[PDB]
J.: 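Structure in C-alpha cells, see below.
Just so it is clear, the values below take in all heavy atoms, side chains as well, and ignore hydrogens, waters and symmetry mates. Quick note on labels: first sequence line is chain A, next is B, and so on, each numbered from 1.
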Number of protein chains: 2
Amino acid sequence: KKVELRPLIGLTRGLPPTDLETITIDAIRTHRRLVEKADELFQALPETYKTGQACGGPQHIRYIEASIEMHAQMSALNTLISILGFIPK
Amino acid sequence: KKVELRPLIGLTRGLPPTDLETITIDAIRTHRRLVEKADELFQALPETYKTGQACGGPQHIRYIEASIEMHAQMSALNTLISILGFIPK
C-alpha cells in the first residue's frame, strides 16, 4: 500500500507496534462496514443511476455520501497499512 | 482547494448544482465537528504527548483515531470544494 494521507505518518510516529496494529485492525473493520453500506445503497439505485445516465436526487445523494466516507476512510487505511508494512490479522 | 480524493470527481459527475452544494455544506458541518473533537482530545493530552516525547496508550490512541477521521474527511471536503469551485455558505 501507499501513503495516501501523509499527516498520518506524523500522528503515528514512534507509536508502539501493538498500538499501531490495534488502530489498523479497527480501521479494517471500519472499512468493511463502510464498503458494505456503500454497496447496499449502490445496489438499490435505479439502473439509470448505476450507468451514470441519471444524476441527482435524495437517494443518489445518500449513496454518494456513503461512497465518499468509504473512499476517505480507505485512504486512511491504505496509509496505515503502508506505515505498518503489512496487513494485520 | 485541490483534488485530494480523485474518486469523488466520478461520483459527483453531472450532479445538479444544488445537490453538490448540499453535499459540500454538510461536509463543512462534518469537518467542523471532527476538528472540534480532535482538538478536545489533543488539549487533554499530557504535555509529553503534545510534544511527541511520549507515545502510546489508550488516550493517545483515541486522539490519533479522532485526528485520522478528521484528516480523511478533510481530504474529501477539500476535493468537494475543488470540484464546486467555491466554498458554499
Side-chain angles (χ1 to χ4, degrees), chain A residues 3-31 34-35 38 41-42 45 48-81 83, chain B residues 3-31 34-35 38 41-42 45 48-81 83:
Chain A
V3 171
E4 295 171 38
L5 203 54
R6 189 178 285 281
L8 304 209
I9 298 178
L11 284 170
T12 58
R13 187 187 194 70
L15 199 60
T18 302
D19 288 346
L20 182 53
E21 287 168 14
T22 294
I23 291 176
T24 305
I25 286 174
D26 283 321
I28 289 175
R29 290 168 179 165
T30 292
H31 172 59
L34 296 175
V35 167
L41 299 185
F42 180 78
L45 291 174
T48 52
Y49 280 76
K50 292 184 181 179
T51 63
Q53 301 179 338
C55 304
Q59 179 178 15
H60 194 194
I61 287 177
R62 279 194 57 196
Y63 161 67
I64 292 171
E65 293 181 314
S67 187
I68 285 174
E69 180 168 28
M70 187 285 289
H71 279 111
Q73 194 274 332
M74 183 61 255
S75 70
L77 172 54
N78 279 333
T79 303
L80 291 170
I81 292 172
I83 294 168
Chain B
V3 171
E4 295 171 38
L5 203 54
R6 189 178 285 281
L8 304 209
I9 298 178
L11 284 170
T12 58
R13 187 187 194 70
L15 199 60
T18 302
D19 288 346
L20 182 53
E21 287 168 14
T22 294
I23 291 176
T24 305
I25 286 174
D26 283 321
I28 289 175
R29 290 168 179 165
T30 292
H31 172 59
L34 296 175
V35 167
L41 299 185
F42 180 78
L45 291 174
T48 52
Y49 280 76
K50 292 184 181 179
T51 63
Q53 301 179 338
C55 304
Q59 179 178 15
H60 194 194
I61 287 177
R62 279 194 57 196
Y63 161 67
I64 292 171
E65 293 181 314
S67 187
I68 285 174
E69 180 168 28
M70 187 285 289
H71 279 111
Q73 194 274 332
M74 183 61 255
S75 70
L77 172 54
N78 279 333
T79 303
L80 291 170
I81 292 172
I83 294 168

J.: Report the distance from atom CD1 of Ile61(B) to atom CG of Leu20(A), rounding to the nearest 0.5 Å.
T.: 9.5 Å
J.: Answer with side chain, backbone, both or neither: which region of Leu8(A) has an atom nearer than 4.5 Å to a non-hydrogen atom of chain B?
T.: side chain
J.: Where do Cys55(A) and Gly14(B) come nearest, in terms of heavy atoms and distance?
T.: CB-O, 3.8 Å
J.: How long is the straight-line distance from OG1 of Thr30(B) back to CD of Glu69(A), given to the nearest 0.5 Å?
T.: 8.5 Å
J.: Could you report the tightest heavy-atom contact between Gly56(B) and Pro16(A), atom names first, then the distance?
T.: CA-CD, 3.6 Å
J.: At what distance, to the nearest 0.5 angstrom, does NE2 of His60(B) lie from CD1 of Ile23(A)?
T.: 8.0 Å
J.: Distance check, rounded to the nearest 0.5 Å: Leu80(A) atom CG versus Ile64(B) atom CD1?
T.: 9.5 Å
J.: When rounded to the nearest 0.5 angstrom, what distance separates CD1 in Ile68(B) from OG1 in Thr79(A)?
T.: 9.0 Å
J.: Taking all heavy atoms of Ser67(A) and all of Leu11(B), pick out the closest pair and write down the distance.
T.: OG-CD1, 3.3 Å
J.: Could you measure the distance from the CG atom of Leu5(B) to the CG atom of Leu5(A)? Nearest 0.5 Å is fine.
T.: 9.0 Å
